[PDB]
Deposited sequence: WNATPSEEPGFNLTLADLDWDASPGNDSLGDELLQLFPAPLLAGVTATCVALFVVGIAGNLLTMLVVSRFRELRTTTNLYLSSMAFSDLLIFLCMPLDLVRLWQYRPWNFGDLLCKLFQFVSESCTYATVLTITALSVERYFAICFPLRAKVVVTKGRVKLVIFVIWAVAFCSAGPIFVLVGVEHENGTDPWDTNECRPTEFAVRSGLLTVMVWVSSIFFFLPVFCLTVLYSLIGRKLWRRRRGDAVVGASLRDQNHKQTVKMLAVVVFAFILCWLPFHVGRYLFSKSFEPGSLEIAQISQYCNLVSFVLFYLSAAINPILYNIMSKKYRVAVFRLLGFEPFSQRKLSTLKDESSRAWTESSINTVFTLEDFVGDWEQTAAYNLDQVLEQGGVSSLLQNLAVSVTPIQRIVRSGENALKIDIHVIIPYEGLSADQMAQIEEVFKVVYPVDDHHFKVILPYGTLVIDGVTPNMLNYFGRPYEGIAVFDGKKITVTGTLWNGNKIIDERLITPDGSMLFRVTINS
């Protein structure tokens, strides 16, 4: 659909993001595992996000092939379903872990002594397990929506025409939009409270929290607006909406892989313990 040079440039930027994200996630996992002192409560969530982003990036080349070439899907139906299941589960786990980090930071800042009394790692691992279970159970209706569509000469991994006709598409759209509406509210409110507490010096902590929330909204709002436009693109009367839904989803694709690349920088750059650990690796 899109002109060839545009897809070449998008592929170059995507592979650069792939390199950056793979390096960042590997470094984060190695640093957390190697050092017992850096095995803090927040580092468990950071490691879970690193694993989720690593799986998302390991799934990237099939996505680039799927947009880039429209090559026939000779890989099978089961792989077509499993690939998108893994991707969706990883995205849900990422956003849930972001929300969990926001909540933990709020509780540890506004109520320090009570947080140190109550917060324990044994509950943290349980929270991580519940997060992953919720991801695997909210991304589980993707074995019905997604299937290989023919017309073996031409094949693509695409949402199923029966799912589209029956109406599962809009329900899944709203279920996914919940995963945007809740994390944005939690991040915004809790980080505003943290900044208000710290603002009563401390300028960079608040500015960094505002960059983090702005990056979250910047990267995740187009993803769900593009999904809404895609779901609405299937109406036979929707002619003008096709080009916008196309370039909206391509931009959401690029910001989707931008999120997995920028998450380690946003959450690991100000530690001053991560930095010395990395320089200790040498």
Which runs of the deposited chain sequence never show up in the coordinates? 1-35, 187-191, 241-255, 338-523
